[PDB]
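Input: a single structure, listed below in structure tokens.
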Amino acid sequence: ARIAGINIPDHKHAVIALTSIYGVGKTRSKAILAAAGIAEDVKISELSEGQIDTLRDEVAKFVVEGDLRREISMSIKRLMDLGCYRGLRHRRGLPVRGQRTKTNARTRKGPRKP
Amino acid sequence: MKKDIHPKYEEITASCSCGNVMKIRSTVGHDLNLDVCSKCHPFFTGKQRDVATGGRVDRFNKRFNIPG
Amino acid sequence: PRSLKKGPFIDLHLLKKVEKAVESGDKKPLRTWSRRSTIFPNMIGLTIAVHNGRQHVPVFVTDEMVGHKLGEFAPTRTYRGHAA
Amino acid sequence: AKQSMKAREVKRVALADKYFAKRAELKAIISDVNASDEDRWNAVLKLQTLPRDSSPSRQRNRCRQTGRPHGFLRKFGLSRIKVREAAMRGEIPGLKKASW
Amino acid sequence: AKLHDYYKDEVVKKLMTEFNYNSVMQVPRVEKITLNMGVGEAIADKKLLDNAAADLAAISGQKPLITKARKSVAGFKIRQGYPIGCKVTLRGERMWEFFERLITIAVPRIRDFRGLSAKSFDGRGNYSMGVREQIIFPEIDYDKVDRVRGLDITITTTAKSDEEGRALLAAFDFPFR
RNA sequence: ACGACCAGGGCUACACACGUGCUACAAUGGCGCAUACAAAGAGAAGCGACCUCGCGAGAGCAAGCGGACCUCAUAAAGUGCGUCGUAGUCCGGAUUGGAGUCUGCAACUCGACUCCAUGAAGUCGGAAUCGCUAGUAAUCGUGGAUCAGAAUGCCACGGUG
Ligand SMILES: [Mg+2]
Ligand SMILES: [Mg+2]
Ligand SMILES: [Mg+2]
Ligand SMILES: [Mg+2]
Ligand SMILES: [Mg+2]
Ligand SMILES: [Zn+2]
């Protein structure tokens with residue numbers, strides 16, 4: 001229901017609910033809840049306090065909250081001031097993984113303006 | 001000073017990677033950690049300290065154990 | 001990405017002239033053509049002029065620049081937009 | 001192609017013949033070994049500055065009659081136009097038109 | 001603070017044996033430190049002003065004074081009475097705390113720092129320098145930052161000429177290039 | 001010098017428009033478990049088994065095979081069970097950040113692939129326009145040429161139909 005992570009988990013299932021917290025996906029959720037020793041198909045409903053407190057112990061071992069957003073912002077800022085190729089691509093909203101820019105660069109450029 | 005119009009101003013702890021620790025009054029609200037301080041700077045000391053124990057150049061060294 | 005086991009790739013000519021520089025300090029911004037090499041911590045000190053196709057852009061190396069290649073800090077395509 | 005590119009490719013072939021032997025034994029084996037002498041394998045990576053052309057990766061398969069860098073076939077060593085006009089005269093054994 | 005104690009024992013004696021002062025009231029001392037952020041672009045959006053003044057409240061523990069235009073200038077489309085800048089005057093204990101905080105933590109934060117100039121002495125003994133970004137101070141955490149901004153730092157001294165000002169600052173471990 | 005050699009760059013850019021494809025917008029589906037049926041092809045500076053290591057891409061050791069013998073090589077749709085129950089979702093995977101592996105003298109521009117993390121548009125598409133008459137359309141996998149490495153392209157093969 002409520003976890004130490006600011007993100008509040010949805011009632012349906014457990015592995016999917018864990019994925020709702022930003023920074024934890026399927027495998028980390030698979031590893032965390034299997035370290036909890038609980039069946040994976042249980043909901044947060046039909047569940048007591050004695051499991052989500054154990055989940056708070058295990059999730060806190062991974063660095064997963066909006067503090068992870070601070071890391072990615074600081075990593076992005078490392079590429080900005082570095083004067084690297086990735087920073088000028090991050091500066092102009094261009095793709096940085098070497099994708100083609102002549103066409104099919106919408107997901108970076110954004111919808112075209114006239 | 002006016003009473004309520006100013007921000008909170010507390011004495012806290014500042015910790016540097018070279019280990020020098022300072023008791024500084026500020027508005028951070030909690031203890032904070034400095035990767036570089038005034039003793040930790042090549043310019044002031046003229047010595048260019050190499051203690052990057054918690055650092056990135058060190059990651060580059062353990063990663064590739066290249067010799068001189 | 002270099003395979004780690006092979007280790008960082010450097011140009012022997014660049015390594016030789018940068019150690020001559022690192023001993024006698026900064027005399028001039030030494031220029032080079034090898035943009036494919038990484039920058040070593042020992043070379044983190046001098047100013048390196050990387051060739052970008054026609055000129056040699058001088059880029060002073062910082063501590064965060066270590067590990068990254070030289071050619072990341074030398075742009076080759078001049079783009080200032082489309083309507084100017 | 002031009003005579004310069006055929007002269008350029010022969011050179012690469014020739015150099016590779018000499019260093020093909022030199023390289024794999026000393027350099028590649030040392031670079032891949034698990035013992036991995038940190039000092040000595042590092043030394044030979046700096047030592048991998050022999051002529052670039054002596055690399056077998058620099059060889060471009062050109063047609064042995066014309067020098068076409070495209071449309072190559074490793075079965076015949078020729079380009080696409082050359083293998084078609086050589087097969088049409090029956091100058092290649094067992095090569096007839098396919099139909100199934 | 002720390003440098004106020006450090007001033008009163010070491011700095012006063014290190015200066016009167018150097019300039020041969022006859023009175024201890026003759027030595028240079030610092031009046032105030034003025035931090036001036038001129039936002040300028042506030043006329044387009046004044047909520048930006050509400051951010052930038054708050055950064056001064058993050059830097060020093062003092063609510064800043066929102067300065068006005070003082071006159072109508074057509075070169076910048078501002079009129080007289082428009083709030084355009086923020087200024088904090090630091091005196092006393094808060095000045096000394098902020099001065100140690102700047103010398104110890106902030107000034108060893110500028111990238112590729114290679115010594116600030118001794119040429120900027122105002123010609124009577126007051127020092128002035130200009131920071132370009134606010135994230136050199138440890139209180140400014142960048143994820144909540146709207147825009148990086150510059151900051152004027154003005155050191156006001158009791159010096160009569162510039163050499164007394166540079167000798168007062170250089171006794172406090174000032175990084176003069 | 002419009003000839004020749006070399007290093008680096010570019011042919012990969014990007015306010016845009018078009019063609020051809022891949023992936024989707026989901027429940028005739030996604031996901032997890034167990035399990036079934038191919039054809040065709042390639043291989044010696046090559047195909048590389050078994051075993052061990054690593055979550056994995058891969059690494060180490062190391063046979064057999066110039067091949068109806070060995071290898072690539074476990075076909076997938078399908079079948080049975082369980083869950084998700086119409087949501088921008090257990091859909092979709094774009095993008096991005098960290099950590100990697102291989103090849104190659106060298107993966108910054110400008111390779112492929114793996115792991116973790118984020119989870120964009122998109123909910124069936126206007127005028128208009130394309131292909132197809134049967135093992136065809138539609139769909140699902142497989143191989144090869146080119147090739148050190150680099151296929152959603154191309155050239156072939158079978159399954160359902
Ligand atoms: Mg000719
Ligand atoms: Mg080639
Ligand atoms: Mg092209
Ligand atoms: Mg729906
Ligand atoms: Mg078919
Ligand atoms: Zn320090």
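Just so we're on the same page: letters track the sequence lines, and every chain starts at 1.
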*Roughly how far, to the nearest 0.5 Å, is SG of D:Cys63 from NZ of D:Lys82?*
7.0 Å
*When you match C:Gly71 and D:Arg60 each to their closest nucleotide on RNA chain F, which lands nearer the 5' end?*
C:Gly71
*If each of C:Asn52 and C:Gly81 is mapped to the nucleotide of RNA chain F with the nearest heavy atom, which maps nearer the 5' terminus, i.e. the 5' end?*
C:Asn52
*Is F:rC22 base-paired to F:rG126, counting Watson-Crick or G-U wobble with both distances below 3.5 Å?*
no
_Nucleotide opposite F:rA26 in a Watson-Crick or G-U pair, distances under 3.5 Å_ = none
*Is the glycosidic torsion of F:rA59 within 90° of 0, making it syn, or is it anti?*
anti
*Is F:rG82 paired to anything, Watson-Crick or G-U wobble with both distances less than 3.5 Å, and if yes, which nucleotide?*
F:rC31
_Quick test of your reading: by the Watson-Crick or G-U wobble rule with a 3.5 Å threshold, is F:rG78 paired to F:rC11?_
no
*Within the pair A:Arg108 and F:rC14, is there a side-chain N or O less than 4.0 Å away from OP1 or OP2?*
no
*Please determine if a side-chain N or O atom of A:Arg106 lies less than 4.0 Å away from the OP1 or OP2 oxygen of F:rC16.*
yes
*Scan every strand shown for a Watson-Crick or G-U wobble partner of F:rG56, both distances under 3.5 Å, and answer none if you come up empty.*
none
*How are the rings of B:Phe43 and B:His41 set to each other: parallel, tilted or perpendicular (split at 30° and 60°)?*
perpendicular
*Compare side-chain N and O positions of D:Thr49 against OP1 and OP2 of F:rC105 and report whether any pair is under 4.0 Å apart.*
no
_Do the six-membered rings of F:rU83 and F:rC84 lie with centres under 5.5 Å apart and planes under 30° from parallel?_
yes
*State whether A:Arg97 places a side-chain N or O below 4.0 Å from either non-bridging phosphate oxygen (OP1 or OP2) of F:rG97.*
yes
*Counting heavy atoms from C-beta on, name the nucleotide in F:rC5, F:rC105, F:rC16 closest to the side chain of D:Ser55.*
F:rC105
*In whole angstrom, give the distance that lies between atom CG of D:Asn34 and atom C1' of F:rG60.*
6 Å
_A:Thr54 OG1 to A:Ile38 CD1 distance, which is reported to the nearest 0.5 Å_ = 6.0 Å
*Would you say A:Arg100 reaches F:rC14's phosphate, i.e. side-chain N/O to OP1/OP2 under 4.0 Å?*
no
_Length of the NZ-P vector between D:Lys2 and F:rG3, whole Å_ = 6 Å
*Any chance F:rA112 and F:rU133 qualify as a Watson-Crick or G-U wobble pair, both distances under 3.5 Å?*
no
_Contact under 4.0 Å: C:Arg77 side-chain N or O vs F:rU109 OP1/OP2_ = no
*Under the criteria of ring-centre distance below 5.5 Å and plane angle below 30 degrees, do F:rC22 and F:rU23 stack?*
yes
_It should be established whether C:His56 places a side-chain nitrogen or oxygen under 4.0 Å from OP1 or OP2 of nucleotide F:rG8._
no
*Go ahead and name the base partner of F:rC108; Watson-Crick or wobble counts if both distances stay under 3.5 Å, otherwise write none.*
none
_Does atom CZ (C:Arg2) have a neighbourhood of more than 12 heavy atoms from anything else shown, all under 6.0 Å?_
yes
*What is the nucleic acid contact for A:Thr27, judged by heavy atoms within less than 4.0 Å: base, sugar-phosphate only, or nothing?*
sugar-phosphate
*Atom pair distance, as rounded to whole Å: NE2 in A:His11 and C1' in F:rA87*: 17 Å
_Among F:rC157, F:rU109, F:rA148, the nucleotide that comes nearest once only the side chain of A:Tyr85 is considered_ = F:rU109
*Do the bases of F:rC90 and F:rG131 pair up, Watson-Crick or G-U wobble style, with both gaps under 3.5 Å?*
no
*When we call it a touch if two heavy atoms are under 4.0 Å apart, what does B:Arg59 touch: a base, just sugar-phosphate, or nothing?*
sugar-phosphate
*asked:* Between C:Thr78 and F:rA13, is there a contact of a side-chain N or O with OP1 or OP2 at under 4.0 Å?
replied: no
*asked:* Between F:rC72 and F:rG41, do both key distances fall under 3.5 Å for a Watson-Crick or G-U wobble pair?
replied: yes
_Applying the 5.5 Å / 30° rule, does C:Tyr79 stack onto the base of F:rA13?_
no
*asked:* Applying a 4.0 Å non-hydrogen cut-off, can you work out what C:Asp11 is touching in the nucleic acid: base, sugar-phosphate, or nothing?
replied: nothing
*Hey, does the side chain of A:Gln99 come within less than 4.0 Å of F:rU95's phosphate (OP1/OP2), counting only N and O?*
yes
*Do F:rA117 and F:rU142 make a Watson-Crick or G-U wobble pair, both distances under 3.5 Å?*
no
*asked:* Just checking: do F:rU86 and F:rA13 form a pair, Watson-Crick or wobble, with both of the defining distances under 3.5 Å?
replied: no
*Flag yes if more than 12 heavy atoms outside A:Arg56 fall under 6.0 Å of its CZ atom; otherwise flag no.*
no
*asked:* Please classify the nucleic acid contact of A:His13 as base, sugar-phosphate, or nothing, using heavy-atom distances under 4.0 Å.
replied: base
_Does D:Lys6, at its NZ atom, have more than 12 non-hydrogen atoms belonging to other residues, nucleotides or ligands within less than 6.0 Å?_
yes
*Which of the following nucleotides, F:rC16, F:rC105, F:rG97, is nearest to the side chain of A:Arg112?*
F:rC16
*Mind telling me the pucker class of F:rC72, north or south, from the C1'-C2'-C3'-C4' torsion?*
north
*Atom-pair distance (CG on A:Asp41; P on F:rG82), nearest Å*: 13 Å
*Would you check if F:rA77 and F:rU23 are a Watson-Crick or G-U wobble pair, both distances kept under 3.5 Å?*
no
*asked:* Please confirm whether the shortest side-chain N or O distance from A:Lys113 to OP1 or OP2 of F:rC16 is below 4.0 Å.
replied: yes
_Both distances below 3.5 Å, Watson-Crick or wobble geometry, any strand: find the nucleotide opposite F:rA150._
none
*Nearest-neighbour nucleotide for the A:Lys102 side chain, F:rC14, F:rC108, F:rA106 considered*: F:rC14
*Watson-Crick or G-U pair, F:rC70 and F:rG43, both under 3.5 Å*: yes
*Could you check whether C:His51 and the base of F:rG8 form a stacked pair, meaning centres closer than 5.5 Å and planes differing by less than 30°?*
no
*Determine the sole option in D:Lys18, D:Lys11, D:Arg23 for which the side-chain hydrogen bond (donor to acceptor under 3.5 Å, both in side chains) test with D:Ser54 is passed.*
D:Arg23
_Taking 4.0 Å as the cut-off, does a side-chain nitrogen or oxygen of A:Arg86 come that near to OP1 or OP2 on F:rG98?_
yes
*Could you tell me how the ring of C:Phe73 sits relative to the ring of C:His68: parallel (under 30°), tilted (30 to 60°) or perpendicular (over 60°)?*
perpendicular
*Just compare F:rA107, F:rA45, F:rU146 and give me whichever is closest to any side-chain atom of C:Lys69.*
F:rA107
*Over-ring placement of A:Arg28 relative to A:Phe62, 6.0 Å and 45° cut-offs*: yes
